[PDB]
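One chain comes next, on its own, written out as structure tokens in the form deposited in one PDB entry.
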């Protein structure tokens, strides 16, 4: 049985053009689902949509929305109305370097909108649909910064922790229903974002000993969907988190991040 048969006709990827987003689109398309792909870069989404259609033979719908902006979620809801929905993933994230006081309120609000408000509007709306039909799946993406905290980029971890804890709660609520919910928590992931800050050196190599590909993250999330509630992607990351939790104080972990 494939994802279309198990969960429903269309899957919604919220933040579809970067690495992990793109890999979600490809995975659900390979699983037979038609793909609603959402993000701010419409041209890039259109290219990806054509690639998905040509590679997988599924239908696509491209929705331009900026998740930092008011009305983004409503744009999405209008785009999916009348579709048989089987899947949602919230992938988008916004962070911004700076101490709390050095980041202007407008940017803080943008981050709240991406990581908290648009996130929850979408999660709530599609959970209503999935719960009413007693059928569907959600995999939301968090970050190890949601566990460690993120000094000098405080809202990264704060927002990702909101996503983590909200999704953990809902994952538990859905046990023994027809809706399967999971949060997958990512560490350092191989993106063009990353590679373009790795211009050379053995230190460039040292990052790949602990970087996962977007595909391996998505593969692990789907392997555990409906079995585990809260997953840390990759073995090394699981063990690293466990060693921080078990053998160090909270302060040591925070301070390590801030060092």
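So that the term is clear: the rigid core is the largest set of C-alpha atoms that superpose within 1.5 Å between two forms. Positions refer to the first chain, counted from 1. Only residues modelled in both forms are compared.
Another form exists, deposited in another entry; not displayed. Remarks below refer to it.
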| query | If you line up the core, does residue 227 shift 2 angstroms or more at its C-alpha between the shown form and the other one? | reply | no
| Per-residue C-alpha change between the shown form and the other one, residue 201, threshold 2 Å, rigid core fit | yes
| Any CA movement of 2 Å or more for residue 192 between the shown form and the other one, core superposed? | yes
| task | Would you mind telling me if residue 209 and residue 245 are closer or farther apart in the other entry than in the shown form, C-alpha to C-alpha, with a 3 Å or larger change? | result | farther
| message | Taking only residues present in both forms and a 2 angstroms threshold on CA movement, what segments of three or more in a row shift between the shown form and the other one once the core is aligned? | response | 192-206, 208-210
